[PDB]
Amino acid sequence: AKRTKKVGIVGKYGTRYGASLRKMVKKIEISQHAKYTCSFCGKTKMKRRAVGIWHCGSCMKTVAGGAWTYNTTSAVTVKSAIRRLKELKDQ
Amino acid sequence: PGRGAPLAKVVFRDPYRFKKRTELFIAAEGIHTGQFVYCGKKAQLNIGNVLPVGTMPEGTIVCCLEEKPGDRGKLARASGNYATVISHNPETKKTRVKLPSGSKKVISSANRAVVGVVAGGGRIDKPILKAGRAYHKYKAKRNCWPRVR
Amino acid sequence: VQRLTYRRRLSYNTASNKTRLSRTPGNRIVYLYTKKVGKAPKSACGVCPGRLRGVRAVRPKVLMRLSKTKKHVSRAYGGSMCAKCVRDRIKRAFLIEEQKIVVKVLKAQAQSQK
Amino acid sequence: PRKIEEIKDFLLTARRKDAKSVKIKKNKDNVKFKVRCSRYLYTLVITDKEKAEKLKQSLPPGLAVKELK
Amino acid sequence: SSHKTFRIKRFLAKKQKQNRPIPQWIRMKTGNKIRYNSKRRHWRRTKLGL
RNA sequence: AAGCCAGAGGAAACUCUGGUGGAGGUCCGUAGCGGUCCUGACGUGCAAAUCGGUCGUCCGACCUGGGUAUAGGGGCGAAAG
RNA sequence: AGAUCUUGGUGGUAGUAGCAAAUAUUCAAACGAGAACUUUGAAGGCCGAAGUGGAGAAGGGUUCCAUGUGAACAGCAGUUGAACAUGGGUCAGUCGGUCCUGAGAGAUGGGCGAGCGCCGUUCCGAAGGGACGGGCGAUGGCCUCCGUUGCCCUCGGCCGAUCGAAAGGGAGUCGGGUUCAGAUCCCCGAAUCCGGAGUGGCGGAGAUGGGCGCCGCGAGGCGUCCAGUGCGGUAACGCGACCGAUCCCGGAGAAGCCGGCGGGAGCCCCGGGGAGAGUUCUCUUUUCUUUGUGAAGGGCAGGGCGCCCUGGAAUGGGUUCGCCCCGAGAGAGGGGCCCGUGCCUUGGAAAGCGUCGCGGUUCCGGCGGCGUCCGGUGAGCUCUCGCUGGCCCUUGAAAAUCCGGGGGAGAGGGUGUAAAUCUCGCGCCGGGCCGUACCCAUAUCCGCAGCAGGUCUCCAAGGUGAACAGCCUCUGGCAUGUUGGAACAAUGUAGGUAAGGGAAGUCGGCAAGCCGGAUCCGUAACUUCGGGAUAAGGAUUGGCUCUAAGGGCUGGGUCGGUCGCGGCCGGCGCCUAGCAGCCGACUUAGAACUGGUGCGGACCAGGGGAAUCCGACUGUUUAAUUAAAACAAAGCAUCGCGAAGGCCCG
Ligand SMILES: [Mg+2]
Ligand SMILES: [Mg+2]
Ligand SMILES: [Mg+2]
Ligand SMILES: [Mg+2]
Ligand SMILES: [Mg+2]
Ligand SMILES: [Mg+2]
Ligand SMILES: [Mg+2]
Ligand SMILES: [Mg+2]
Ligand SMILES: [Mg+2]
Ligand SMILES: [Mg+2]
Ligand SMILES: [Mg+2]
Ligand SMILES: [Mg+2]
Ligand SMILES: [Mg+2]
Ligand SMILES: [Mg+2]
Ligand SMILES: [Mg+2]
Ligand SMILES: [Mg+2]
Ligand SMILES: [Mg+2]
Ligand SMILES: [Mg+2]
Ligand SMILES: [Mg+2]
Ligand SMILES: [Mg+2]
Ligand SMILES: [Mg+2]
Ligand SMILES: [Mg+2]
Ligand SMILES: [Mg+2]
Ligand SMILES: [Mg+2]
Ligand SMILES: [Mg+2]
Ligand SMILES: [Mg+2]
Ligand SMILES: [Mg+2]
Ligand SMILES: [Mg+2]
Ligand SMILES: [Mg+2]
Ligand SMILES: [Mg+2]
Ligand SMILES: [Mg+2]
Ligand SMILES: [Mg+2]
Ligand SMILES: [Mg+2]
Ligand SMILES: [Mg+2]
Ligand SMILES: [Mg+2]
Ligand SMILES: [Mg+2]
Ligand SMILES: [Mg+2]
Ligand SMILES: [Mg+2]
Ligand SMILES: [Mg+2]
Ligand SMILES: [Mg+2]
Ligand SMILES: [Mg+2]
Ligand SMILES: [Zn+2]
Ligand SMILES: [Zn+2]
């Protein structure tokens, strides 16, 4: 059945810490414990090992990523910017 | 331990004797194991390469930037941070960068730096939520945590 | 039940004080101080997580008295690297050295002009 | 201890220079010839009663033939 | 304790040897003025320095 | 708690039910650690701070041995001089 | 004569307070001058496996153990003693230290310092004293020839002395016996690790085959030439060795906490067979005890695998308690490896144990007989091993030490019963130094003491039960905690009960009392939607006799058509709604009967509700009068600082 109406994963915290702090940590805890699909083998086994370290069980590929998400939106725009600058370094 | 930024073990070939050199970089976000990095003047713009800021485009952003030409990385080392190359001048061999605190600084064009932002992302976004989690965070760093007013 | 005692002067349940129960021919249970559990070598590739096969799994100083055959496998890198990651290296070394011949021939027809 | 299965290899272990004694122990089902070497105690077990008698009379000279009964 | 050093054990050896009554014939000596061993030490009454 | 299974209702959007799972500075409560109340006992005591009952916490900012470091206007202090 | 004078001695108090924490003693006998206290026996009890049991670390230091004394000490006594006296007792290659490094400590170089010195630990050092290798040599000497040895060439960063763990890392010893007191140390017996062998101890491997000329009837022989630093499997990998330096790469050492399952053992439980006891007023084929196989080899079960080969899967499938896995190769078939602490075997029964005897060496490892058996269960408990998960802004040592691989500088013999070499089998020699007794606590330690305090761990039986709870018991232990006897006043301390009332007592429901387990129902306001919540409230609960449901193993034939009273395949048949027999757990539900309505019968075991103030919560705090509203805390906000820097020590 549906066991919790709205708290979701942060039901482990009970009533503590305040509703908005539990809600803020809810989206982070969902992404932090999520299993992403590895872009090297295609298996959905890329999971967080430590903070900033994402490791794939299947292909044993470890990649440095975000603290909670597999890759942060900041570094995504950075990679596009660097690619744009490299193709602009030559003509 | 005591750091939010992951480290990278990178193995080079020693050029003067038959040996392997094990360096401990600071991981730029996006690097992975079994990936080649290239350090030198002639390296090209890729995430993880270590090349001088003088041989960079006018807007590239760097990860572990030296303060003095010749030492090792000293700036933008904490997780998610980065410097930004602003401008050069071939006269006087200087390069202006934007430090994470927004401070502009003039450094030599021979200062090396990783290309990219340092991994570890937005670690400060998650509320600690617990006196215990702060207790464990500072047990890895130094005896400073319970702060009496 | 017949309760037991330690047979040495180490009275704490540390890692070097593990015991197992043994029934002597005198029909009494006594402690027997076990050796530690050894592990087979990990692969030198540092990628795959399994340990090597065909190699006796003992403490490091037991290898000093083991036979040579018990400590390795009859193959190149045997006893130091897994078979799977050796085949990859044989293919990789061959194919990349083929690539160098390709770029050498490609520049060979590129230097036909002056 | 090392267990000896056949007869002729028990002979030259018994005639080895470091062999000190031979003990013959008769059970309810077999006879055991135990030769005491420097390192091991080699034991040969014979179920046949007549085979044990022949081997006992054929034991090498200059060696203890101690019986355990 | 059971685990002791050689230096400690030898120290206790001297203390044990000299914790004994005076010989009986000492009192017969001329100009004696000694009645009993006044340096007697009991293990429970007083403890050793070490 | 998340995750997972099956079933049902719905024109869809989506919802509901029963299991499974075993989270948590989670609750009751031992050992441990602590020390609320009786302002109980004792108060030339068993004790230069203990005892009885009742109690707080009991997977964690948990309890603990040993090895180390910090020394007097100095140390150390989740702070009471 | 004074100074709360100094020192010493002595009174009254006073034969007084007191010798009251943890249930408990009694009978007979012995020794003895003497017995509440000693010892033995009988009984009644307690600790009740988280012990009042059996062993250790720290600490003590002879308290250990015999014999003797009865002065003093053991707050009564004592024939007893942890007292006194006299003797005796601690046996190691494999148990520790010793070795390694850890947090750290600490020299030298250097710097400072009036100076003893102290800063610093890689920093501002010419910091390698070593190496198989090759050469020049002295032929030191069983001068054939390999060991010496001086020098030279080449190579050589642990880049830092040294110390730092009797709980970390760390090769390799177990079974039985023995003493008044010691044993993994002695003795008996089985092993094993490291080191060594100069003349090299023995085997085995390397390694001993082909081509051609001939002899010889062929077989088998002679001469020449050529290889020969092993071999097998498609693979995983295997076989008994399997040449190899400097150098390089890697592994082991070497890893947190928590959850859930599975394998193995030990214990516990049940059914029988022995042996010995117990009860027998009656019953009870009954109740109790006991019923081994060490290390190290070999073999086989079993457990695991992120190992291999075939093959190519959607109508997706396999599979777990949970998960999870698959065209990056599922399912299936066939293999490989690791662990093997389980079983068999060598050890091994000769020993040990239980019983029944027979002799004696004041006091025999005496001798002898018989046995040391077959089974079944399990969410059981404790270890251990494995698999798979979860948690971390926490990611959970280091170094000695040992090993594998890459590479191929070199070495070795000219086909000899060969050479260099060997991580293979067996054989030979050695392992020095220090510790080792005992207590480890309501009496061997600290607390002035035989002090209700404090002091680090290991093992862990039956019943009830959710349970390592409480309560009763077995193994083991003890004598009620520094005295006993007689009485049963007051006051007390600890524990109960109390008619009718029910907080009227009191500053205040202080204290006590009520409630309490489990099952079935039933649960409000409010709320951060998680909670409140065991809300509140109600019913039931015993004993006995049954009835249901929840499982596991085997076997399912139509037949001699023939014979190796049974099978090589099939003429020969339709469990295909599944049956047959055997075995075995607890649990749940339903019913009848029955008791003076008593039944969570002891034990264990929440009083509840409505509000107000404060602190969010969990945590912490004035050891010895304050546990709080105080501190901390996450969260929020501000400040300084880009290293020639901020803050701080000196
Ligand atoms: Mg504060
Ligand atoms: Mg056994
Ligand atoms: Mg004392
Ligand atoms: Mg809690
Ligand atoms: Mg609680
Ligand atoms: Mg208080
Ligand atoms: Mg009081
Ligand atoms: Mg006077
Ligand atoms: Mg006067
Ligand atoms: Mg009196
Ligand atoms: Mg009294
Ligand atoms: Mg009792
Ligand atoms: Mg004890
Ligand atoms: Mg004694
Ligand atoms: Mg007395
Ligand atoms: Mg004495
Ligand atoms: Mg050096
Ligand atoms: Mg040392
Ligand atoms: Mg140790
Ligand atoms: Mg003893
Ligand atoms: Mg056996
Ligand atoms: Mg398969
Ligand atoms: Mg026997
Ligand atoms: Mg002892
Ligand atoms: Mg005491
Ligand atoms: Mg003192
Ligand atoms: Mg009493
Ligand atoms: Mg008494
Ligand atoms: Mg006492
Ligand atoms: Mg009344
Ligand atoms: Mg009444
Ligand atoms: Mg009133
Ligand atoms: Mg009144
Ligand atoms: Mg009260
Ligand atoms: Mg309420
Ligand atoms: Mg009933
Ligand atoms: Mg509070
Ligand atoms: Mg608040
Ligand atoms: Mg406190
Ligand atoms: Mg106080
Ligand atoms: Mg706020
Ligand atoms: Zn992957
Ligand atoms: Zn591999």
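What the deposited record gives as its method is cryo-EM, and the resolution it gives is 2.83 Å.

Participant: Could you give an account of the overall build of chain E, naming the residues involved and the relevant values?
Facilitator: Along the backbone of chain E there are one helix and zero strands. The C-alpha radius of gyration computed for chain E amounts to 15 Å, which surpasses the reference 10 Å derived for 50 residues by more than 25%, pointing to a less compact arrangement than a globule. For the C-alpha atoms alone, the extent of chain E along its principal axes is close to 45 × 20 × 15 Å. Looking at chain E as a whole, 4% of its 50 residues qualify as buried. Summed over its atoms, the accessible surface of chain E is roughly 5300 Å², and 54% of this surface lies on carbon and sulfur atoms.

Participant: Any details on the pairing of strand β1 (residues 7-13) of chain B? Residues and values, ideally.
Facilitator: All names here are of chain B. Here seven bridges tie β1 to strand β2 (residues 20-26), and the two strands are oriented antiparallel to one another. Bridge pairing links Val10 to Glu23 in β2. From the end of β1 to the start of β2, which pair antiparallel, there are six residues.

Participant: Tell me about the environment of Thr92(B), and name the residues and values.
Facilitator: Residue and element names in this part refer to chain B. Mapped onto the fold, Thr92 is located in the loop between β5 (83-89) and β6 (94-98). Classification of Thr92 by relative accessible area gives exposed; the value is 56%. Separated by 16 residues in the primary sequence, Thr92 and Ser108 have C-alpha atoms spaced 8.7 Å apart.

Participant: An account of the sheet that holds strand β3 (residues 62-64) of chain A is needed here, citing residue identities and associated values.
Facilitator: All names here are of chain A. The sheet built from three strands is open, its strands ordered β1-β2-β3 with antiparallel pairing. Each of the sheet's edge strands pairs with one partner strand only, and the pair in question is β1 (46-50) and β3. Taken over all neighbouring pairs, the strand axes of this sheet differ in orientation by 35° on average, direction set aside. As paired strands, β1 and strand β2 (residues 53-56) are joined by four bridges and run antiparallel to one another. When the bridges of β2 are listed, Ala50 appears paired with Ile53.

Participant: Just give me the short version of the protein's contact with RNA strand F, but keep the residues and values in it.
Facilitator: Around RNA strand F, the structure places 20 residues, and the nearest of them are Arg3(A), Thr4(A), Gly8(A), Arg16(A) and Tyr17(A). Per the 4 Å cut-off to the protein, sugar and phosphate atoms form 56% of the nearby atoms of RNA strand F. Residue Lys130(B) places a side-chain N or O atom 3.3 Å away from a sugar or linking oxygen belonging to RNA strand F. In this structure, a phosphate oxygen belonging to RNA strand F sits 3.3 Å away from a side-chain N or O atom of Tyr135(B).

Participant: I'd like a description of the nonpolar core, backed by residues and values.
Facilitator: Note that soluble globular proteins tend to have their nonpolar side chains buried in a common cluster. Counting residues in each nonpolar core, the largest one holds 37 residues, and the members touching the most others are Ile82(A), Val53(B), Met56(B), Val62(B) and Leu65(B). Of all the secondary-structure elements, those providing two or more residues to this core are α2 (73-89) of chain A together with β1, β3 (50-52), β4 (61-62), β5 and β8 (112-114) of chain B. If near-sequence neighbours (up to four positions away) are discounted, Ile82(A) is found in contact with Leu45(B), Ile47(B), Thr60(B), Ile61(B) and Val115(B).

Participant: Would you mind going over a positive patch on the surface in detail, with residue names and values included?
Facilitator: A cluster of like positive charges, contributed by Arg7(C), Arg8(C), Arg28(C), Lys35(C) and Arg65(C), occupies part of the molecular surface. Mapping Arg8(C) onto the fold places it in the segment before β1 (19-23).

Participant: How would you explain the protein's contact with RNA strand G if you had to name every residue and give the values?
Facilitator: In the vicinity of RNA strand G, 155 residues are found, and the nearest of them are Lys6(A), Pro60(C), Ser38(D), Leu41(D) and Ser1(E). Among the atoms of RNA strand G lying within 4 Å of the protein, the sugar-phosphate backbone contributes 72%. At 2.9 Å, a backbone N or O of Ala57(C) approaches a phosphate oxygen of RNA strand G. Here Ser74(C) contributes a backbone N or O atom positioned 2.9 Å from a base nitrogen of RNA strand G. Of all the elements, β1(C) adds the most residues to the surface near RNA strand G, at five residues. Looking at side-chain class alone, the surface near RNA strand G contains 57 nonpolar, 38 polar and 60 charged residues.

Participant: Give a detailed account of the sheet that holds strand β7 (residues 104-108) of chain B, specifying residues and quantitative values.
Facilitator: Residues and elements named next belong to chain B. One open sheet holds the four strands; their spatial order is β4-β5-β6-β7, and the pairing between them is antiparallel. Unpaired on one side and paired on the other, β4 and β7 mark the two borders of the sheet. Inspection of the sheet shows β5 paired to β6 by five bridges, in the antiparallel sense. When the bridges of β6 are listed, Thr84 appears paired with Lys98.

Conventions and cut-offs
- Residues numbered from 1 in each chain as written, not as in the entry; some residues may be left out.
- Chains lettered and ligands numbered in written order.
- Part of a larger assembly, values for the part shown.
- Heavy atoms only, no water.
- Helix = DSSP H or I, 4+ residues; strand = E, 2+ residues; numbered from the N terminus.
- Rg over C-alpha atoms; globule rule 2.2 N^0.38 Å.
- Buried < 20%, exposed > 50% of the residue type's maximum accessible area, 1.4 Å probe, protein only.
- Areas by Shrake-Rupley, 256 points an atom, 1.4 Å probe, with all protein chains shown as cover.
- Pairing = 2+ DSSP bridges.
- Axes fitted to C-alpha atoms, helices over the stretch in contact; angles between N-to-C directions.
- Near = heavy atom within 4 Å.
- Polar contact = N/O pair within 3.5 Å; in protein donor to acceptor, adjacent residues only side chain to side chain.
- Core = buried A, V, L, I, M, F, W, Y, C linked by side-chain atoms within 4.5 Å.
- Contact = heavy atoms within 4.5 Å.
- Patch = residues over 30% accessible without salt bridge, like charges linked within 9 Å, V, L, I, M, F, W, Y side chains within 5 Å.
- Salt bridge = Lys/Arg side-chain N within 4 Å of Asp/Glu carboxyl O.
- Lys, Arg positive; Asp, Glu negative; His and termini not counted.
- Charge placed at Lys NZ, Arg CZ, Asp CG, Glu CD.
- Nonpolar A, V, L, I, M, F, W, Y, C, P; charged D, E, K, R; others polar.

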